[PDB]
Amino acid sequence: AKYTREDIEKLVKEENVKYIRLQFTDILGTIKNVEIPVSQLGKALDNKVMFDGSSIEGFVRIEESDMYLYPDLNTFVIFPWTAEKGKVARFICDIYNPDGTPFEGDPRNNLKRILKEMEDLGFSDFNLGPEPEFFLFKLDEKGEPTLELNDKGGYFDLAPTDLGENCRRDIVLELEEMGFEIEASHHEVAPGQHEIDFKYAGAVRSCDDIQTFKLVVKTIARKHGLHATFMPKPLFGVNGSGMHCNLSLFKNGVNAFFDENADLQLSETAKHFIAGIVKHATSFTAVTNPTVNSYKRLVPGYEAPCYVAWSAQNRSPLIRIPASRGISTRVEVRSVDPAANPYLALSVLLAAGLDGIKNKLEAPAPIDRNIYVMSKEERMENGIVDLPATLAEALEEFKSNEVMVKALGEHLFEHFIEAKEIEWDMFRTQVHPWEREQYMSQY
Amino acid sequence: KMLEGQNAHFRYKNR
Amino acid sequence: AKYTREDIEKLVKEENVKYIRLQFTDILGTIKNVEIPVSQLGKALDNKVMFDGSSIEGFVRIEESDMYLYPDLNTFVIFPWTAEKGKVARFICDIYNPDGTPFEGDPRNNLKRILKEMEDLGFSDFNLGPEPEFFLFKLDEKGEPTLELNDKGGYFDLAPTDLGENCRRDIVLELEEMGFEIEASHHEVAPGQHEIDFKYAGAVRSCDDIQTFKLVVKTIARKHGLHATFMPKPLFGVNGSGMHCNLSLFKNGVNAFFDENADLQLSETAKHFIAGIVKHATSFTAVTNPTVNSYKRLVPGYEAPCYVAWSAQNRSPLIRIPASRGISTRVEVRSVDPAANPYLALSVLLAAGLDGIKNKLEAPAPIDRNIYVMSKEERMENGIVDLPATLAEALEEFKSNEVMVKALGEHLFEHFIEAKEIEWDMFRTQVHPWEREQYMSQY
Amino acid sequence: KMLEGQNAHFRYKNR
Amino acid sequence: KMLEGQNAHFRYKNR
Amino acid sequence: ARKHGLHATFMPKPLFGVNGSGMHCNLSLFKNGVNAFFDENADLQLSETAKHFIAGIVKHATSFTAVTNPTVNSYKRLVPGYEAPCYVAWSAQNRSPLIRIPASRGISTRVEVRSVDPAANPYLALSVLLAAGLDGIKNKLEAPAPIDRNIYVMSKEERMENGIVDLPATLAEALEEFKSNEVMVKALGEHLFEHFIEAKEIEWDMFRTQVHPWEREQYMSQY
Amino acid sequence: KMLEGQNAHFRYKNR
Amino acid sequence: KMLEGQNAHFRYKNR
């Protein structure tokens, strides 16, 4: 693998570790942990620390239920900013039912089982090189997050970046001292925006970083006086944070999507793939774009997709075939926002892909003119189905299709719609400040 | 509605 | 009628009127006016004054379109709060295309045009008894509506003699000085909710009343320092302002839904009338609960209807039959909120009424049993469909039910969906505080 | 259902 | 454009 | 206005984002107590005197704008979509035509020129309209195609394909389009003229050189 | 009542 | 020169 038992153990004694934190990820995505002391590292490795497991069903825990923690030896890491009275390490863990069996429900082990299905089809890997975007807001005397951007830079800007770069370097020159292989960082479209992109990786191995990232970014941004946030669309009219998911399937150590003397150097392997991701783009959006605000991002304009279709040159495409090819030949799914559970996204995404490759669905006409000039009628005319308008319509369709529900699996599916219609009724029963400024003097 | 992204892009470039 | 050319003109000079408003009511349901000097009254009565009657299309007006202004003499009334140098009167008005032919798309004219159809069916007067509710908030040194309620009363309280009802009276005591026949007043469920009910009268003579009402209420509240507001559900958590509508078909001076020797003394006319209503209840929603906030009223627990059913002693029915019969025998549509164009309501409400009596539709089993205790699945096992949950759910159900379309008019139809797809169009691209507090620390 | 609005119907009646 | 027309209309009956 | 502690300004577009003020002109010609623009048997019930007068305003329209909209600010009211008539075309309908022919006939039959604004000089303004309104009655001018479809939804380049040319964009773009028109010139007074052309350029040359903070939000920092 | 606890559950996740 | 008069004549009108 990567780290061995006697391997970890020497890293701790020499590095002087005084506190181990056992990370796993909840359903809404939230990276929660269960903290134990180096004194108990042994029973932790032995896969024997139990814990109330419904901490995963989020704010829909019905019953306390004992579960285990099987820590991956490779997801091991020590923390630098916690480098004083005994640095403070963290692993990432495989939740397992009490008897011996994996937890059906664990977001993570669900990607591994949507991954088993991959091998059973012949592929050897899967790859995710995600570009995650984030605003950096200033805190205050008190320490509260305000609505004041950290900067006023724009696309790829320089001198203005410095106030948020002063951080973007701090963030990026620490992840290196964390083991990361960060491809690179620039500055995004609207002010305060920023984006760092790292090296692709295997599904699990990567989402493992997704989580990590979101966390080291906020840890380091607060240690600067600002509040890193990943809201899809935090400010109105201003551009939203996204988190594109460049994918690529391998099969025996070699890019399956690559094909030299083929229409667009594309294989009849990547076509059926694009075909599938075009065949559930509206029914996996609940998962990919899972919150109520993720739909204030998907408004035509700010580069965010709004309609289903693909190309290799387009304003806001649902799919996007990066041009570089070979071992880099990839499909970029641009709708996924950083408010999406890494794990469950890769699930509906590699499952809507592998229902094409098998069934052999056939991809549609890649676009080039405009899907913005023909209304909702002249568009729902040629297999151009707009992505959902609200979490709620987003759920309506998610339930509507079998292939997906089987993609999470009864327990995960059920608690999710469950955890998510709740999120919807509150926001729907709520009266906001807008509804008020409007109608108070007109009515 | 690249015009809104450009509308997104330009409201900033310019305020 | 009531008044004559001569009566009006001598009244003005014996009472000293110095300014005349020519009142109409736009589609969105706002009361508009074009003001003239007592001098011009004549050319006004000659039905000669003109204007840009696209002021009616509301904010989806696109083309200055000339229009006349035919006042209805009987909708005449002088305002008392004035007299400050010239008392100021007002009339209502039928809008008329450039050619002596009523403007098809004038809210008001539409009710009369819906009224014609009834006559051809034979009913002589269609009457309405409104129960409109409101909050009076407090203003500030600046003079700005605030969130400070007026009182801390509740259902029917005797609000001590200075602050609670000292306003409720002032209104009630004035409307009589304007010629209204108020049946009475009380308080309402919430802190700061009030209600004054008035007598019944023809649809058109009652919509006027309604319009007028909202106005005076609002002009005597500032006179007391508070902000009147008939907006649906102003404050979250607290009960809303509804505006129930008691209907009652007549046949040559007799009540139609009355039948002494019958099932609940309910004629096979009302059993059919209730039927047309129960049928298009989900279709006519967008019109009776026409704004983005009308729907954070339509949630269970506040007395307001959320289901499609009719009883006479029940939870929160979409329909209500006040026990007393005789000339009083009357249906009570309780999903109508005060921020819907009274005019268009009678219309679509008197329309679904005529779709039943006609095809001779059949009443369903009156709900007395436990309607709230089941689910939308288990109730789906009955003729109890839900009422929409957002304005958008409500617009879809409207463009589909054909008879509904024909009740407004190709015109009043078009602009309405128009102005409302936009109202919905903006409230969902927006980002409300609510969205930001959840997703800023969590995501 | 009714128990949340009544639950509210009551909260202000009792404050 | 009319859209800016109806736009410059809809920033007054929407505020 | 002051009496009631407020301020009243007839300024064309005081506030951006917000509609400007349009002092519309309704015009009608008679010849012996009888409205000349009017005509019983005819299309749009419109006498030829009218189509003749119309082609008039539609010709010179671009020109007397320097005189019907004389301020530096006036060109920021005539932006697209606020109802400001940005294009030279007549109609009894449309988003915002330069000329609107009301519906009343009989003696009200009339021509409304909405180009004109409250910050104009009532008299001059007026002599230039009566002006192009008459070149046309005299040289028997041919009215053009009234605005059906709508031209807003078009390029400046497909419009240009119809007798449709925009309105001046700047107070400077106007003046020159005024100087080069022989009938506003002789129309105003060879004196009223030398002093108007001039009085404004100087106006323009004073707007043109200042450094408006706008540029600072914009350049002070970035560059 | 789970519905109160769930209700309870719901007040600290949705805030 | 009138140019400084005009100039002085203008600074009023233009302020």
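All chains are identified by letter, namely A, B, C, D, E, F, G and H, in their written order; residue positions are counted from 1 within each chain.
Quick note on the criterion: a residue touches a chain if its C-beta (ideal position, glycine included) is under 8 Å from a C-beta of that chain, and two chains touch if they have at least 3 such contacts.
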* Asked: Quick one: which of A-B, C-D or C-E reuses the A-G interface, over half of the residue-numbered contact pairs in common?
  -> C-E
* To do: Could you say which chain's mean Cα position falls nearest to the mean Cα position of the entire protein shown?
  => E
* Asked: With chain centres defined as C-alpha means, what is the inter-centre distance between subunit B and subunit G in Å?
  -> 42
* Structure fact -> Whole-angstrom distance, CA centroid of subunit D to CA centroid of subunit F, is 62
* Please compute the C-alpha centroid of subunit F, do the same for subunit H, then give the distance between them in whole Å. => 30
* **Where subunit G and subunit H are represented by their mean Cα positions, the distance between them in whole Å** => 75
* Structure fact -> Multi-partner residues in subunit A (2 or more other chains touched) are 299, 438
* Could you pull out which subunit C residues touch subunit D in their complex? => 154, 189-191, 237-239, 299-303, 315-316, 372-373
* Asked: Considering the complex alone, what residue numbers of subunit E touch subunit C?
  -> 2, 5-6, 9-10, 12-14
* Which part of subunit E faces subunit F closely enough to touch in the complex? -> 1-8, 11-12
* Structure fact -> The subunit A residues in contact with subunit C across the complex are 28-30, 145, 227, 229-236, 291-293, 295-296, 299, 338-339, 389-390, 427-436, 438-443
* Which bits of subunit F are touching subunit C when the two form their complex? -> 83, 93-95, 100, 102-104
